[PDB]
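Take a look at this single chain, the form deposited in one PDB entry, given in C-alpha cells.
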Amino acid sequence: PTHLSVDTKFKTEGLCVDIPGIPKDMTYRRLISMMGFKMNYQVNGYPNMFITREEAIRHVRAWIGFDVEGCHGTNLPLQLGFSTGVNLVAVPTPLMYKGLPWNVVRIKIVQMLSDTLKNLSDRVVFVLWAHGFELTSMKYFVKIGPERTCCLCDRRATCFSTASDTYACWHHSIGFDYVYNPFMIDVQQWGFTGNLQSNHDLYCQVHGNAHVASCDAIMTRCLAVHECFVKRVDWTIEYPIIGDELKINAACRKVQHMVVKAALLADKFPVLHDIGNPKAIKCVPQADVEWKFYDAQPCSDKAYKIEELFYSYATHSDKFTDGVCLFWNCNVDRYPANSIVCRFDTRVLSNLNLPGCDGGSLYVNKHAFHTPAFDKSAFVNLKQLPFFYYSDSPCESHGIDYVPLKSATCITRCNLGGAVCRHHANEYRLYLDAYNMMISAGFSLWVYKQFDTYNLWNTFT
C-alpha cells in the first residue's frame, strides 16, 4: 500500500473526445501500453508512471501542469503548455513560440524542466486534466526504464541523451533530448463534475483562460494545489531540506524573541495575547507580563476575520484591546492597532515559495503551508517595524575578528556610553544577518504606531 497498482482502474470518460471508442474498462497497465510505452514486468523502482494523490502531495515541489491542444495527432500541429507559462508548437513534418519538429521541441522541454526543477526536486510530476493528446504526445519526449543515477553525480536520473547514450539529473542535463522516468497524475480521476475552468474558477480569480495550453496547465496545477493544500491540510508530511530552511527558522526564532522582548520593555504592557499556533511557547519566558494563549491553525484559504477570531460567542470575550496582541504568522483581514505582526509575503521569489491558489502561495519549509494572498490593507492600523538590535547582556568577550562597530540601531549599555564593545558588535552583526535572512525569505514585520526604540535606552541607568 505505497505505490499506485498498474491494475487500478482509470476512468476514460475525459479521454473519449480526443480518443473516440476508448474502452470504459481501462487499467493504468493498458493505458500506459496505449500511450506507446512497455513496462516489461519490471521491478526496478518504477512500478507505474501514474502516482497516488499521497505520493503527489509528498512531491509537490515536482508539480508541473501540462496540457496539449490541437492547433489547426500525426495530421496536425500540437500546442504544448506548461504551468511555467511556456507554450511550444510541435509539428510532425504567456510566452508563445512558433511551430518546430519534435527533435528540437524535446530539447527545449529538457532545458525548461531542468532550470525549473534542479533546486526543487529529484523528479517531475506532470499534473494533468487528461483529454487524450497530452497522454498520446508523451512518447515524443519521454523514455522510461529502470531507476538510474546521473553519469556526473549520485542524484537519481531525470533526463537521457540519444547523442551520448547517457543519463543525467536536472543539474547535469545540458544538451539532453528526453525526459527519463517522469511521474504524472490525472486530476480528473479525483471525482469532479463539469470542465477544468468551471472547477478552477470556484476557488481562484487570479488565473484567466485565454483558451491556450499554458493557461489550462496553470489552472490544472492551481486546482490540484487547492484540493491538496487548501481544502485538505496534512501538517504531518515532512519535506526534504533544499536551501536555508534551518537558518531561516533560527532567524525567525531570534527576531521574534528580540521584537517581543523590546515591545514589552518599551511600553510595559501588563498582558500579551498570543494568537496562533496552539503548540506555541512563551517567546520571552523571563518577561514580567500575563501571557494568555489563544489557539488557531494556519489559515490556508482566506485570512481569519478579526471579528470572528475574537468576538464570536463573545460570552465575556477576553479584553484583546488591553495590552498587546502577538500574531506570529497568524493571518487576519485587519490587525487591531495594539499588535506585533509577522506576515509571510506570498509575492516573494524563492525555492521554498511555490505559486498557489487565488493569489496565495505554497511555502514549503519542513511542512507545506498554503498562505492567503499578501494584502497591504491588513496593516492600516500598524507601521513597518524598523530594524534594531537590543541587549541588556553584560559587555564581556569570553572566547570572529573585529572592525569597531558604529550604528544608531545597536541599543546596548556600551553604545549609550559612546563605544560598542566587541561582544555586542559580534551579536549585532549576527542578528542583522538573521534579520536579513528572514526578510529575504519573505517575512514582513509590523508593529503598533506608538513603538519607538528611543524608549529602550532608559532600561540601562
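Numbers for residues come from their place in the sequence shown, where the first is 1.
Participant: Can you check if residue 314 is missing its coordinates in at least one third of the other PDB entries compared, counting only those that model the residues either side of it?
Facilitator: Per the records, residue 314 goes unmodelled in at least a third of the other entries.
Participant: Between residue 93 and residue 94, count the deposited residues left without coordinates and pick a bin: none, 1 to 3, 4 to 9, 10 or more.
Facilitator: Unmodelled stretch: 10 or more residues.
Participant: None, 1 to 3, 4 to 9, or 10 or more: how many residues of the deposited sequence lack coordinates between residue 399 and residue 400?
Facilitator: Going from residue 399 to residue 400, the model skips 4 to 9 residues of the deposited sequence.
Participant: If you take the mean CA temperature factor per stretch, which one wins between 206-214 and 250-258?
Facilitator: Result: 206-214.
Participant: Averaged over C-alpha atoms, is the B-factor higher for 352-360 or for 295-303 in this PDB entry?
Facilitator: Comparing 352-360 with 295-303, the higher average CA B-factor belongs to 295-303.
Participant: Taking the values straight from the PDB record, which of 336, 85, 276, 182 has the highest C-alpha temperature factor?
Facilitator: Going by the entry's C-alpha B-factors, 276 comes out highest.
Participant: Comparing recorded Cα B-factors across 223, 117, 237, 340, which one is largest?
Facilitator: Of the options given, 237 has the highest CA B-factor in the PDB entry.
Participant: With respect to C-alpha B-factor, does residue 17 fall in the lowest, middle or highest third of the chain as deposited?
Facilitator: According to the entry, residue 17 has a C-alpha B-factor in the chain's highest third.
Participant: Going by what the PDB entry lists, where does residue 81 fall on CA B-factor within its chain: lowest, middle or highest third?
Facilitator: Bottom third by C-alpha B-factor.
Participant: Splitting the chain's C-alpha B-factors into thirds, which one does residue 415 fall into?
Facilitator: Middle third, going by the recorded CA B-factors of the chain.
Participant: When the modelled residues of the chain are sorted by Cα temperature factor, does residue 385 land in the lowest, middle or highest third?
Facilitator: For residue 385, the deposited C-alpha B-factor lands in the middle third.
Participant: Using only modelled residues of the chain, where does the Cα B factor of residue 455 rank: lowest third, middle third or highest third?
Facilitator: Within its chain, residue 455 is a lowest-third residue by C-alpha B-factor, going by the deposited values.
Separately, the form deposited with a small molecule bound exists; it is not shown, and the next lines address it.
Participant: Residue-level contact is defined here as any heavy atom of the residue lying within 4.5 Å of the small molecule in the entry with it bound; does residue 228 satisfy this criterion?
Facilitator: Taking the distances in the entry with it bound, the answer for residue 228 is no, it never comes within 4.5 Å of the small molecule.
Participant: Given that the small molecule is not shown alongside this chain, does residue 432 nevertheless sit within 4.5 Å of it in the entry with it bound, heavy atom to heavy atom?
Facilitator: Outside the cut-off, so no.
Participant: If we define contact as a non-hydrogen atom of the residue within 4.5 angstroms of the partner, is residue 341 a contact of the small molecule in the entry with it bound?
Facilitator: Close contact is absent here: in the entry with it bound, residue 341 is far from the small molecule, nothing within 4.5 Å, heavy atoms only.
Participant: Under a 4.5 Å heavy atom criterion, is residue 51 part of the interface with the small molecule in the entry with it bound?
Facilitator: Contact check for residue 51: no, nothing within 4.5 Å of the small molecule in the entry with it bound.
Participant: Which listed residue (378, 157, 385, 144) meets the criterion of a heavy atom within 4.5 Å of the small molecule in the entry with it bound?
Facilitator: Partner contact (heavy atom, 4.5 Å) among the options: 144.
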